[PDB]
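**Q** model this:
(2 chains)
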Amino acid sequence: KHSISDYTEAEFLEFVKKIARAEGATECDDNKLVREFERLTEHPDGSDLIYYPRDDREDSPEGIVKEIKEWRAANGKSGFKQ
Amino acid sequence: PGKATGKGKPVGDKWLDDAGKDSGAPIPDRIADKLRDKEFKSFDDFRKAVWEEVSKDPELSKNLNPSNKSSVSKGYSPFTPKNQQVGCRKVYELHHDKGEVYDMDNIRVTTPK
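**A** Residues are numbered from 1 along each chain as shown, chains lettered A, B, ... in the order given. For reference, the structure is listed below:
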């Protein structure tokens, strides 16, 4: 898996759950996962989507994935693997 | 190794906002109370205990969102706002104001920037 389009939406949601639950192997693995979330999504808010979300959507892995999916689609970017 | 010492300072709901300011934030007095006179094998073990104590204190943790709560529950530092991050430094840090290693009156919570 290299870009977000290599992940199904389920796989990507399980990855956001991992981050949200701090379930990396170590603290530094969590940091790598957050940075990987940033790389994969290309969203300019980066880690703020996880930790400092806008207040007009749900603060949850669901909500984070919804925001990413909608943002990528609306901005002409590729999406999840079917 | 060393024993944690010192008093820390009263803080408010948004105390991590001060970590972004030029002073930084102090170790909260309530945390200092919990860790004083405890022995730590390393500064990393002391750092773990600080964040675990933050996670257990409803007032110091109430402004952390659920993802950040998860992090401190494991004794990990919480992530800062994106605009306070630098390089791969994305979480609050514990700096010495400089001078003893476990002196909580000598330690400030800071953002990376």
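**Q** Can you give the contact residues for stretch A:46-65?
**A** Residues from elsewhere that reach stretch A:46-65 (CB atoms under 8 Å, 6 or more residues apart in numbering or on different chains): A:9, A:12-13, A:16-17, A:19-20, A:34, A:37-38, A:41, A:43, A:66-68, B:65-68, B:78-79, B:81-82, B:85, B:90. No exception for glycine: its C-beta is placed from N, CA and C like everyone else's.
**Q** The residue lying closest to residue B:10 once chain neighbours are set aside: neighbour count?
**A** Leaving aside its chain neighbours, residue B:10 sits nearest to residue B:29 (5.6 Å; criterion: CB to CB, 6 or more residues apart in numbering or on different chains). Around residue B:29 there are 15 other residues, counting by other CB atoms under 10 Å in any protein chain shown.
**Q** picking that back up, show me the contacts of stretch A:46-65 that map onto helices.
**A** The subset of the contacts of stretch A:46-65 located in helices under the criterion DSSP state H comprises A:9, A:12-13, A:16-17, A:19-20, A:34, A:37-38, A:41, A:66-68, B:66-68.
**Q** filter the residues you listed to the buried ones?
**A** Buried by 16 or more other CB atoms under 10 Å in any protein chain shown: A:12-13, A:16, A:19-20, A:34, A:37-38, A:41, A:67-68, B:67-68, out of the ones in helices among the contacts of stretch A:46-65.
**Q** Please name the spatially closest residue to the residue nearest to the spatial centre of chain A (chain neighbours excluded).
**A** Nearest to the centroid of the C-alpha atoms of chain A, with distances taken as CA atoms, centre = their mean, sits residue A:37, at 4.8 Å. Of all residues not flanking residue A:37 in the chain, residue A:19 sits nearest, at 6.1 Å (CB to CB, 6+ apart).
**Q** Would you mind measuring from residue B:38 to chain A?
**A** Between residue B:38 and chain A the distance is 21 Å, computed by CB to the nearest CB, to the nearest Å.
**Q** Please read the previous query as pertaining to residue B:65.
**A** In this view, residue B:65 and chain A are 6 Å apart by CB to the nearest CB.
**Q** Now that residue, what are its backbone angles?
**A** Dihedral angles of residue B:65 (phi, psi; degrees, to the nearest 10) stand at phi -80, psi 180.
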